[PDB]
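First the structure, in the form of structure tokens, and then the observations on it.
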Amino acid sequence: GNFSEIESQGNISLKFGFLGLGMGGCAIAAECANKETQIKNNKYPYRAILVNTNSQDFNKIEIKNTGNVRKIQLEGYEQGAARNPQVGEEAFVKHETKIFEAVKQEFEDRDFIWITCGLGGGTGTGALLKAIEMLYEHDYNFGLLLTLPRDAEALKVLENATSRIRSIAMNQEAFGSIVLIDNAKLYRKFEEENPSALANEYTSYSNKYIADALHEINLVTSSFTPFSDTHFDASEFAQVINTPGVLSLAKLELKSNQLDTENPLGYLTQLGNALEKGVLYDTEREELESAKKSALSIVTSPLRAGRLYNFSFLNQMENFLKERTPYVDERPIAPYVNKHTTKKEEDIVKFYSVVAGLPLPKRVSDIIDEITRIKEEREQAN
Ligand SMILES: Nc1nc2c(ncn2[C@@H]2O[C@H](COP(=O)(O)OP(=O)(O)O)[C@@H](O)[C@H]2O)c(=O)[nH]1
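Numbering-wise, the sequence shown is residues 177 to 558 according to this note's numbering.
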């Protein structure tokens, strides 16, 4: 996932600000913060505030960019394995001042704010609600970068995740989009992608994967030249990110030969399958049919551009997104062109879509059953 080439003649759309909450919540934000880029004067375009109980792992987290990040610790809350949300609630409150004071300065120019939290835990999970109130009462443009625990995480944990999802989904109107991350999915992906890899490389993989996923789209929307008036530039992007509800990012890279306008069903399926198999969490057609906003950017070389971006294509795409999200306000099928392209990736046609205003995924539903299975069986034994 190297962007050295693009970032050079490219540029970001929004200046994100990640508010870390808990071990995992800070692991991601920190990962997003420690991102060097070839952009114009700003190796580290992202800033973050790591808010978590004083632990040995948090006291371990390494930061590359000094000054763009600030660790905030909470005394007398070395919870640990306890994993009690309410506790994490008091902690954030008892230091509410010492925190916001750091948010009022570290984010004096952040177009958006990603409340990165690891659902299921106790610290982050608990403060996740008090953190939203803070950024809300102080009029900010924030979103929710949450992660869905896996089954092996045991009962208790799952109960915590579910507890907040419900609270969130019912107050989603009070803030931006919710970039849900399915740890179960990513975990199951890392096994396929790298079958030989060891379990000690997971987190790194995911964090570095979630960071690039979020960063890649932010870079694409404002690093290429449009082929027409239909745009999905920084301005439009900012919209999809401020719309309440879950957000699903999709990506698909194909070759010019593979892509056939005469026989679209061939690749359309892939795009339709790649759109269902989100980058961070799986989503079915049913859930997409209730999306408020959509967008699909196509990036390719200057030569394959004029040839590919014909009348038929543009429509075939307009129809694709159409059947996928019939109730979307507007379907900006904005095709872009990249001049500074490598002849190696010359015959490549990349896709980038962003579906917002989506309902809760099927995963959260499963996490409700896995908790039910346990509780029920725990009594079927009595
Ligand atoms: N993607 C990712 N998820 C994590 C990481 N650390 C923890 N998590 C997830 O977040 C959940 C809560 O763990 P953690 O954040 O350490 O608990 P907390 O510190 O009390 O908020 C776990 O069940 C994990 O699934 C991480 O580094 N990366």
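In this text, a Cβ means the ideal position worked out from N, Cα and C, and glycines have one as well.
- Cα atoms of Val416 and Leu322: separation of roughly 17 Å, rounded to the nearest angstrom.
- Selection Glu272, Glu277, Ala307, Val475 evaluated against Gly196 yields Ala307 as nearest (Cα-Cα).
- Using a cutoff of 7 Å, the CB of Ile357 counts as near ligand 1, since one of the ligand's heavy atoms is closer than that.
- At the C-beta level, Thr419 and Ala532 come within 8 Å of one another.
- Sequence-distant Cβ neighbours of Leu395 in its own chain, meaning closer than 7 Å and more than five residues away, are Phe179, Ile182, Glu183, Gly186, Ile188.
- Looking from the CA of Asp523, the closest CA among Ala373, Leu536, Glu429, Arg342 belongs to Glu429.
- C-alpha of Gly200 to C-alpha of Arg480: approximately 42 Å in a straight line.
- Per DSSP, the beta-bridge partners of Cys293 are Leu197, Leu322.
- Between the alpha carbons of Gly256 and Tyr312 lies a gap of roughly 29 Å.
- Looking only at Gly454, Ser477, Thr229, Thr437, the smallest Cα-Cα distance to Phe489 is reached by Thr437.
- For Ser339, the CB stays at least 7 Å from every heavy atom of ligand 1.
- Proximity of the beta carbon of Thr292 to ligand 1 is not indicated: no heavy atom of the ligand is located closer than 7 Å.
- Per DSSP, reduced to three states, the secondary structure at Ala426 is strand.
- Of the candidates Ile474, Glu521, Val263, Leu226, the residue whose Cα lies closest to the Cα of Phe283 is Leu226.
- Here the C-alpha atom of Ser470 lies approximately 31 Å from the C-alpha atom of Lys520.
- No Cβ-Cβ contact shorter than 8 Å links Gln249 with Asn218.
- Cβ atoms of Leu472 and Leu497 come within 8 Å of each other, at about 6 Å.
- For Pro511, the uninterrupted beta strand (DSSP E) run begins and ends at 511-513, by DSSP.
- Between the region 537-552 and the region 501-521 there are fewer than three C-beta pairs closer than 8 Å, too few to call the two in contact.
- For a cut-off of 8 Å, the C-beta gap from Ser477 to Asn514 is around 7 Å, short enough to register as a contact.
- Judged by pairs of C-beta atoms under 8 Å, the region 396-416 does not touch the region 229-244, as fewer than three such pairs exist.
- DSSP lists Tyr512, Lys526 as the bridge partner or partners of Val475.
- Across the set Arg259, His314, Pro511, the C-alpha of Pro511 shows the shortest separation from the C-alpha of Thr401.
- Distances from the alpha-carbon of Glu377 to those of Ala387, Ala450, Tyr363, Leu390 put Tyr363 closest.
- Nearest in C-alpha terms to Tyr528, of all of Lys431, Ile544, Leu425, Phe487, is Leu425.
- The Cβ-Cβ distance between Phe351 and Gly302 does not fall below 8 Å.
- In the structure shown, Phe288 adopts extended strand secondary structure according to DSSP, grouped into three states.
- Segment contact: the region 365-384 against the region 267-286, fewer than three CB-CB distances shorter than 8 Å; contact not assigned.
- Your pair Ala203 and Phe194 does not check out as a contact, with CB atoms roughly 11 Å apart and the cut at 8 Å.
- When rounded, the separation of the alpha-carbon atoms in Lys431 and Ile474 is 12 Å.
- DSSP lists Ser424 as the beta-bridge partner residues of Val531.
- The beta carbon of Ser343 sits closer than 8 Å to those of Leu305, all from its chain and outside the five residues before and after it, given in chain order.
- For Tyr253, same chain residues with a beta-carbon under 6 Å away, outside a window of 5 residues either side, are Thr229, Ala267 in chain order.
- Annotated three-state conformation of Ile357 is strand, per DSSP.
- Boundaries for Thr301: no beta strand (DSSP E) harbours it, while the alpha helix (DSSP H) harbouring it runs 299-313, taken from the DSSP string.
- Using a 10 angstroms sphere on the CB of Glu349, the tally of other CB atoms stays under 16, which defines it as exposed.
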